[PDB]
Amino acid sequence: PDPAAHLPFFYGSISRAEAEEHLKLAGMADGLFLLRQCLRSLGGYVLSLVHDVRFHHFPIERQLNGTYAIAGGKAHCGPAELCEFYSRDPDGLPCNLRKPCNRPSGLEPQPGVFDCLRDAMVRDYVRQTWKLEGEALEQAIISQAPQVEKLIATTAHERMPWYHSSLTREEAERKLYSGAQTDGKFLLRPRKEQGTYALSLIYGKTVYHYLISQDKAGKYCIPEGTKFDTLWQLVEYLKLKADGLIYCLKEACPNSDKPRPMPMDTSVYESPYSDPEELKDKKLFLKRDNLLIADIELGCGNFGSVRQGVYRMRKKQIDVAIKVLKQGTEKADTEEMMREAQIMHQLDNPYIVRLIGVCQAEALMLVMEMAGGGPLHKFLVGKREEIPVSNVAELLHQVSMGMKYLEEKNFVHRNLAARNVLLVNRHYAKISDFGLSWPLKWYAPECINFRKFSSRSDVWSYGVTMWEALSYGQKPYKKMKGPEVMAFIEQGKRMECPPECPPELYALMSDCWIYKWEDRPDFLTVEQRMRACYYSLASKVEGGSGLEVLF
């Protein structure tokens, strides 16, 4: 995720002529400006502007600690910031930024090599760290991209299999001719000159050596000149672009609680039935003998009582959460519940609480995954200082991804609220209580008005859920109740934009509250939109208390 991908004046990987072109068409007015990618430095941009009808191009280097600055200028926490600052203070520039050269309608930034490099490295960090695949992997990427990128830049080259901490030119030469003499086979070693390294590669059965040089900035360099923040990136980039090399890198000559928790560090990120064998025998109805129901309760709600337990599986014992439906069948509606549970037993997403199965004994029991973190709204109460706006944006994201999935499968969650989003940890939220057939504050009108439950109705309560989240647990439509809102709503009257909730996110939960359920968007759009916002927030520096902040 590029931090400057939301800014409508950012054009991605384009040349100078292209930039200068767009700038013509827009007037040439003094203070007109755009931002684009820098082709020869990883993470950098180029600030281009028009002063006295002449173009000015300012390279913006991405420093090591994450800050961005024009050479010899002030450092910023990011592009957005950088461009707001120079809008009200030229500070060295010819004039102050004035009119963004907003991108024309329908265009989006043009993907560059670094983008592919970034998205690719990400995909492989996860793939290898958590041996994840299928949507499982697609889903851990979408939500955790931002965090991975940060882990990537902190991953020491010493750790990599292609780095050899104490080889000399000849030793290097020696080793390489020792194994398979394929083209592209390579290693990297530390030079005498501190902060210098060598890239030894095999081509046409000959070892070639390239010097890697570091900056006063601390960046890393191919004598070709392209600049990277770490060796791993450099190396990973040279398997793609052969610039300045006899040949590109291929195979690697081989070598010999956490601060910030991730969603896939958990046991519940992936379905219990993903062990092929465990999957083979996936009964909707569970035996009561393989169930251990604790006497003490996790909580209690309108629907029933929730008790922690543990379930015996073919090869493992899993922590489960049991909900005891307060209400049983009455009439052979029993199956109809069965019919449903059958549909829920299918839904598989890392961001929803999964149905392990059901079990009937003393009571009808809903056996589900263990998200013992307690619900969203409570978790956020009075934690405005402790839990940054980005970390909330991240949990709202995960919820969107769950509803996205649920939408996909033509499944309506009807009881969507903060109270129905349960944290596994501070960065991992799961949606729950989806098929359970004042709590009418979340319901879009047409549910109340016509009992019409669509995913478009869910889209409403999401906007409601967003409000609760972005205002740290505060009740919604406090000052009201029942028809009080029904009327309050009928008249284009909406909830307020909680303090310090960005414009985009409000404008979002707002579109969620468009009376005509048709004119309202679908989750596909929401998660899409929710993503950009989240991403721009996360790519920055991190707020809050704890120990994950020291990292």
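Residue numbers here begin at 1 and follow the sequence given.
Unmodelled residues of the deposited sequence between neighbouring positions residue 437 and residue 438 number 10 or more. Counting the deposited residues that fall between residue 256 and residue 257 and carry no coordinates gives a value of 10 or more. Higher average CA B factor: 359 to 367, of the stretches 71 to 79 and 359 to 367.
With 243 to 251 and 307 to 315 compared on mean CA B-factor from the PDB entry, the stretch scoring higher is 307 to 315. Out of 237, 453, 186, 203, the entry records its largest CA B-factor for 453. By the numbers in the PDB entry, the CA B factor is greatest at 28 among 35, 60, 64, 28. Annotation for residue 152: CA B-factor lies in the lowest third of the chain's modelled residues.
Sorting the modelled residues of the chain by their CA temperature factor places residue 112 in the middle third. Sorting the modelled residues of the chain by their CA temperature factor places residue 177 in the middle third. Ranked by C-alpha B-factor against the other modelled residues of its chain, residue 481 falls in the highest third.
The deposited CA B-factor of residue 402 belongs to the lowest third of values across its chain.
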